[PDB]
Each structure stands twice: as structure tokens, then as C-alpha cells.
Amino acid sequence: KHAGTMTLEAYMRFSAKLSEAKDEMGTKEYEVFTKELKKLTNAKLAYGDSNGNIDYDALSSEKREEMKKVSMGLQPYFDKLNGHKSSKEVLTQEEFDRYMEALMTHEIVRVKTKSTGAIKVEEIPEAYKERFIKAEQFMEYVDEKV
Amino acid sequence: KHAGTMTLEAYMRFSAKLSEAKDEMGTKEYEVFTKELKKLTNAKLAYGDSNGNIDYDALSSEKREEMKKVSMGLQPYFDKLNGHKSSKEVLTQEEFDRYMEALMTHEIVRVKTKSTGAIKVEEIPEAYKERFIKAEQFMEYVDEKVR
Ligand code: NI
Ligand code: NI
């Protein structure tokens, strides 16, 4: 239909959802949050597949590390807006790193399966099946702790 | 619930929708489009209300003009993605300007009514009622000339 206007509408629903963070964050914290989020969203524009998922493994050694720091930086805001304890506080440093890897693995697998829904291990290329399964296990463990 | 992750998911539905433009635009044209669209989206971030609608009347004379040029720049891409003729081509220069004004009026009225749905003139503050009604009329006229 009007795919052009639908593009603007999608962006507006994103704006609306983002603005809800103000319910829980003062303007100082909200500005830091949106400044960090912009890094992540610009990366999805530049590097995301057709669904904005990023194949972290295909990035250069430096860009992957940079993208990882951005995610570590944002995790406390996400945890707060999700009503969870801060994973960066509950997990050991080691574990916090494994958590970011697990998140990146999950996103990489969304790229490989081209799926935005619940990933089904059948569709996962064999190079990523074990990695995924472990990543999923580690995420549920982190989940129970926050 | 998980409003944090829901925020990321909303952004990704946007990403997905925007990537569909590649179906109809080669990479050079898509890169120009996304470059121009970033201007508009950064303005919604900075100036939008809670729904990313911008109150163009509340901008300085310069900023308003800049934002208008951005819109005029994007209209041909939107027209193309909407399967329509180019409004910039079908309309006279005068009319194209009026068209941009009518689009801004509509957006301003979404701010004033705080409504993302079909605006109802009842809810529109009196300062904007006539302006809106005319803007709506002019948009249907433009619409008939490009669909
Ligand atoms: Ni929860
Ligand atoms: Ni149409």
C-alpha cells in the first residue's frame, strides 16, 4: 500500500515507545540513555540485516569490541526499564562478559535463520547450533538472577 | 512488562520497514534516501512530542525553514514508495509549498490533539480548526492528482 507513510509510522511507534522511558528516568538519565542508544541504532542502520539484526561475528575485531562496549553500557538501562535488577551488578565481571556474548550469539542466530520470532534449532545452521543452545542456557540463568 | 526490550523491538520493526525500500531503489538511491530520512528522524528525536510529532510552529524561523526543505527533499521518495506520481512534479511550485504547509499543519494538529489516530475536529483547539480543515481539503486535492 502506502509503504512510504508506513515507514514513518513505524518510526513514530518507536518514538512513542522510547518516550515511555521518561516515566522512569529523569531528564539527565534519559539523555545519557538516548545518547548511548543512538550508537546501537546507528549500528543497526549500518550493519543490520533486513531486520536490523547485526552479525557481530562478521565485524572487524575492533568494531565488534566497540559494539560490545556499547551493549555493556546500555544493559543497565534495559534492565531498569524491564523492571529487573542490574545484571552488571548481580553478575561477576566474567559472567557479565559471557552474558554479552550470549546476547550477541542470539542476535547472530537471528541473522542466520532470518527469523524475528521464536528461533527453532532445526533452522539454525550447524555451525551455530551448540553455541546457540549454550547461549540460551546461560541467558535463562542470568534471567533467574535478575 | 519488558519495556526496555520492547523499545529495541520497535526500532527493529522500523528497520525492517525501512529496508523494504530496497525492493524499489538501487543502492545509490537508497543511500540518498536514508541520508535525508536521518535528518527527519533526528528532528523527531530532538523536537517530537511523546509520539515524535513535531510542533513546527514552535520552531525558530530558521529551523522551521530547514525542516521544511528536508520535507520537500523527502517527498519524492515517499511518493515513489507509496506508488504515487511525484507531487513535486505534478504540483506547481506554489502548490508544492502549500502542500508542505498542509503536511506540517496536520503534524502540528497531531501534537495539539495528542492523537495518533484519525483526528476529530472536536478535539482540535480553536486556534487550529479552520487551518486544519483547509489543510485537509488541500491534501485530498493533491491526493487526487498523484494516486
Ligand atoms: Ni521480567
Ligand atoms: Ni495510494
# chains A, B, ... in the order shown; residues from 1 in each chain; ligands from 1
$ select_by_dssp --residues "chain A" --states "alpha helix (DSSP H)" --output "MDAnalysis selection string"
chainID A and resid 3:19 27:47 61:81 87:90 93:113 129:145
$ closest_atom_pairs --of "chain B" --to "ligand 2" --cutoff "10 Å" --atoms "only C-alpha atoms and all ligand atoms" --output "CSV"
residue,atom,partner,partner_atom_place_in_ligand_line,distance
B:79,CA,ligand 2,1 (Ni),9.0
B:81,CA,ligand 2,1 (Ni),9.9
B:82,CA,ligand 2,1 (Ni),6.2
B:83,CA,ligand 2,1 (Ni),6.3
B:84,CA,ligand 2,1 (Ni),6.1
B:85,CA,ligand 2,1 (Ni),9.5
B:143,CA,ligand 2,1 (Ni),7.9
B:144,CA,ligand 2,1 (Ni),9.2
B:146,CA,ligand 2,1 (Ni),8.1
B:147,CA,ligand 2,1 (Ni),4.9
$ residues_near_ligand --ligand "ligand 1" --cutoff "10 Å" --atoms "only C-alpha atoms and all ligand atoms" --output "ChimeraX atom specification"
/A:79,81-85,143-144,146 /B:1-3
$ residues_around --residues "region 44-61 of chain B" --least-positions-apart "2" --cutoff "8 Å" --atoms "only C-alpha atoms" --output "list in words"
residues 12, 13, 15, 16, 19 and 20 of chain A; 40, 41, 42, 63, 64, 65, 104, 107, 108, 110, 111 and 116 of chain B
$ write_last_selection --atoms "C-alpha atoms" --output "tab-separated table (two decimals), in the first residue's frame"
chain	number	residue	atom	x	y	z
A	12	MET	CA	6.77	7.04	15.27
A	13	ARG	CA	5.74	3.92	17.22
A	15	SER	CA	9.50	7.24	19.25
A	16	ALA	CA	6.42	6.69	21.35
A	19	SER	CA	9.49	8.25	25.24
A	20	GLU	CA	7.93	5.93	27.80
B	40	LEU	CA	13.88	14.00	9.70
B	41	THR	CA	14.26	11.24	12.29
B	42	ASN	CA	16.91	13.18	14.24
B	63	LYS	CA	14.78	25.81	11.97
B	64	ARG	CA	11.23	25.72	10.60
B	65	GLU	CA	12.54	26.58	7.13
B	104	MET	CA	3.10	20.44	8.71
B	107	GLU	CA	1.51	17.15	12.19
B	108	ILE	CA	1.08	20.22	14.41
B	110	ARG	CA	-1.45	15.70	15.98
B	111	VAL	CA	0.62	17.39	18.66
B	116	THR	CA	-2.03	9.26	16.51
$ interface_residues --of "chain A" --to "chain B" --cutoff "10 Å" --atoms "only C-alpha atoms" --output "JSON, numbers by chain"
{"A": [1, 2, 3, 4, 5, 6, 7, 8, 9, 10, 11, 12, 13, 14, 15, 16, 17, 18, 19, 20, 21, 22, 34, 37, 38, 40, 41, 42, 44, 45, 48, 49, 50, 51, 52, 53, 75, 77, 78, 79, 80, 81, 82, 83, 84, 116]}
$ write_last_selection --atoms "N, CA and C atoms" --output "tab-separated table (two decimals), in the first residue's frame"
chain	number	residue	atom	x	y	z
A	1	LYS	N	0.84	-1.19	0.00
A	1	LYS	CA	0.00	0.00	0.00
A	1	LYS	C	0.88	1.25	0.00
A	2	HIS	N	0.67	2.09	1.01
A	2	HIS	CA	1.49	3.28	1.21
A	2	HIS	C	2.70	2.98	2.12
A	3	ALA	N	3.67	2.29	1.54
A	3	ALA	CA	4.80	1.75	2.28
A	3	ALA	C	5.68	2.88	2.78
A	4	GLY	N	5.63	3.99	2.06
A	4	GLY	CA	6.36	5.17	2.46
A	4	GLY	C	5.82	5.72	3.76
A	5	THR	N	4.51	5.95	3.82
A	5	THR	CA	3.99	6.52	5.04
A	5	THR	C	4.09	5.47	6.13
A	6	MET	N	3.91	4.20	5.79
A	6	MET	CA	4.03	3.16	6.81
A	6	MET	C	5.44	3.17	7.45
A	7	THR	N	6.43	3.65	6.71
A	7	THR	CA	7.80	3.68	7.22
A	7	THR	C	7.89	4.72	8.31
A	8	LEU	N	7.26	5.88	8.09
A	8	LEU	CA	7.24	6.95	9.07
A	8	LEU	C	6.46	6.55	10.32
A	9	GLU	N	5.31	5.91	10.11
A	9	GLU	CA	4.52	5.40	11.22
A	9	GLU	C	5.28	4.39	12.08
A	10	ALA	N	6.07	3.54	11.45
A	10	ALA	CA	6.84	2.59	12.24
A	10	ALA	C	7.81	3.39	13.09
A	11	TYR	N	8.38	4.47	12.54
A	11	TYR	CA	9.40	5.16	13.27
A	11	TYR	C	8.75	5.86	14.47
A	12	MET	N	7.52	6.32	14.26
A	12	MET	CA	6.77	7.04	15.27
A	12	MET	C	6.37	6.13	16.44
A	13	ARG	N	5.95	4.90	16.15
A	13	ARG	CA	5.74	3.92	17.22
A	13	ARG	C	7.03	3.68	18.00
A	14	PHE	N	8.16	3.66	17.31
A	14	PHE	CA	9.42	3.54	18.04
A	14	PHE	C	9.62	4.76	18.98
A	15	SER	N	9.38	5.98	18.47
A	15	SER	CA	9.50	7.24	19.25
A	15	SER	C	8.64	7.19	20.50
A	16	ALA	N	7.38	6.85	20.27
A	16	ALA	CA	6.42	6.69	21.35
A	16	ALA	C	6.93	5.73	22.40
A	17	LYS	N	7.48	4.59	21.97
A	17	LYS	CA	7.89	3.57	22.94
A	17	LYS	C	9.12	4.06	23.72
A	18	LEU	N	9.99	4.76	23.01
A	18	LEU	CA	11.20	5.28	23.59
A	18	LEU	C	10.85	6.32	24.63
A	19	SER	N	9.85	7.15	24.35
A	19	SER	CA	9.49	8.25	25.24
A	19	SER	C	8.94	7.75	26.56
A	20	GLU	N	8.37	6.55	26.57
A	20	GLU	CA	7.93	5.93	27.80
A	20	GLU	C	9.04	5.79	28.86
A	21	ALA	N	10.29	5.74	28.43
A	21	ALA	CA	11.37	5.67	29.39
A	21	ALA	C	11.35	6.87	30.34
A	22	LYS	N	10.82	8.00	29.89
A	22	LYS	CA	10.76	9.19	30.74
A	22	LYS	C	9.91	8.95	31.97
A	34	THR	N	19.45	7.88	25.84
A	34	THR	CA	19.22	8.04	24.38
A	34	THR	C	20.51	8.28	23.60
A	37	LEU	N	21.90	4.76	23.25
A	37	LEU	CA	21.04	4.01	22.36
A	37	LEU	C	21.30	4.40	20.90
A	38	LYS	N	21.56	5.68	20.65
A	38	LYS	CA	21.77	6.14	19.29
A	38	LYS	C	22.95	5.40	18.68
A	40	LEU	N	23.75	2.30	19.29
A	40	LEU	CA	23.28	0.98	18.92
A	40	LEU	C	22.41	1.06	17.68
A	41	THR	N	21.48	2.01	17.65
A	41	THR	CA	20.62	2.16	16.46
A	41	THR	C	21.32	2.58	15.18
A	42	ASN	N	22.31	3.45	15.26
A	42	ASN	CA	23.10	3.74	14.08
A	42	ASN	C	23.81	2.48	13.60
A	44	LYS	N	22.65	-0.62	13.87
A	44	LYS	CA	21.65	-1.42	13.17
A	44	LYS	C	21.35	-0.90	11.75
A	45	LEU	N	21.25	0.41	11.60
A	45	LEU	CA	21.16	1.00	10.25
A	45	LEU	C	22.33	0.56	9.36
A	48	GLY	N	22.89	-3.84	10.27
A	48	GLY	CA	21.85	-4.82	10.49
A	48	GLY	C	21.45	-5.51	9.21
A	49	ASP	N	20.90	-6.72	9.30
A	49	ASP	CA	20.29	-7.36	8.14
A	49	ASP	C	18.95	-6.67	7.90
A	50	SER	N	18.05	-7.32	7.16
A	50	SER	CA	16.82	-6.68	6.74
A	50	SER	C	15.93	-6.42	7.93
A	51	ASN	N	16.31	-6.97	9.08
A	51	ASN	CA	15.54	-6.78	10.32
A	51	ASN	C	16.33	-6.03	11.38
A	52	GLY	N	17.43	-5.41	10.99
A	52	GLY	CA	18.23	-4.65	11.93
A	52	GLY	C	19.03	-5.54	12.87
A	53	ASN	N	19.07	-6.85	12.62
A	53	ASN	CA	19.92	-7.70	13.46
A	53	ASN	C	21.36	-7.69	12.93
A	75	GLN	N	23.14	-2.08	28.93
A	75	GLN	CA	22.44	-3.12	29.67
A	75	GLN	C	21.75	-2.66	30.98
A	77	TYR	N	20.39	0.29	31.65
A	77	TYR	CA	19.15	0.96	31.29
A	77	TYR	C	18.06	-0.02	30.89
A	78	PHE	N	18.41	-1.01	30.07
A	78	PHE	CA	17.44	-2.03	29.68
A	78	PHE	C	16.90	-2.78	30.87
A	79	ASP	N	17.81	-3.19	31.76
A	79	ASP	CA	17.42	-3.90	32.96
A	79	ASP	C	16.43	-3.02	33.76
A	80	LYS	N	16.72	-1.73	33.85
A	80	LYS	CA	15.86	-0.87	34.68
A	80	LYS	C	14.47	-0.74	34.01
A	81	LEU	N	14.44	-0.51	32.70
A	81	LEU	CA	13.16	-0.38	32.01
A	81	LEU	C	12.39	-1.71	31.92
A	82	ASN	N	13.09	-2.83	32.10
A	82	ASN	CA	12.45	-4.15	32.11
A	82	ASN	C	12.00	-4.56	33.51
A	83	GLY	N	12.26	-3.68	34.47
A	83	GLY	CA	11.91	-3.98	35.84
A	83	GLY	C	12.81	-5.04	36.45
A	84	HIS	N	14.04	-5.14	35.96
A	84	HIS	CA	14.91	-6.14	36.54
A	84	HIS	C	16.04	-5.52	37.37
A	116	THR	N	12.49	-13.41	13.19
A	116	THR	CA	12.24	-12.43	14.25
A	116	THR	C	11.44	-13.04	15.38
$ residues_around --residues "residue 66 (chain A)" --least-positions-apart "5" --cutoff "12 Å" --atoms "only C-alpha atoms" --output "number ranges by chain"
A: 39-40, 43, 56, 59-61, 71-73
$ atom_distance --atom1 "CA of residue 46 (chain A)" --atom2 "CA of residue 35 (chain B)"
11.4 Å
$ residues_around --residues "residue 98 (chain A)" --least-positions-apart "6" --cutoff "12 Å" --atoms "only C-alpha atoms" --output "NGL selection string"
:A and (68 or 72 or 87-88 or 91-92 or 104-105 or 131 or 134-139 or 141-142)
$ write_last_selection --atoms "C-alpha atoms" --output "compact mmCIF listing (two decimals), in the first residue's frame"
# COMPACT_ATOMS: atom_id res chain seq x y z
CA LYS A 68 30.24 -4.85 22.76
CA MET A 72 27.59 -3.30 28.15
CA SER A 87 22.77 -7.60 35.53
CA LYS A 88 26.04 -5.64 35.61
CA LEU A 91 26.88 -10.94 37.72
CA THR A 92 30.63 -11.31 38.20
CA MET A 104 25.36 -11.36 20.57
CA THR A 105 25.13 -15.06 19.74
CA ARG A 131 26.75 -22.17 20.51
CA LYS A 134 24.57 -22.86 25.43
CA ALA A 135 23.87 -19.16 24.90
CA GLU A 136 20.21 -19.82 25.58
CA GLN A 137 21.02 -21.78 28.75
CA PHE A 138 23.30 -19.03 30.07
CA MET A 139 20.59 -16.38 29.42
CA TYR A 141 20.47 -18.48 34.35
CA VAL A 142 21.14 -14.76 34.18
$ closest_residue --among "B:106, B:120, B:39, B:145" --to "residue 88 (chain B)" --atoms "only C-alpha atoms"
B:145
$ atom_distance --atom1 "CA of residue 121 (chain B)" --atom2 "CA of residue 134 (chain B)"
11.9 Å
$ residues_around --residues "residue 72 (chain B)" --least-positions-apart "6" --cutoff "9 Å" --atoms "only C-alpha atoms" --output "list in words"
residues 88, 96, 97 and 100 of chain B
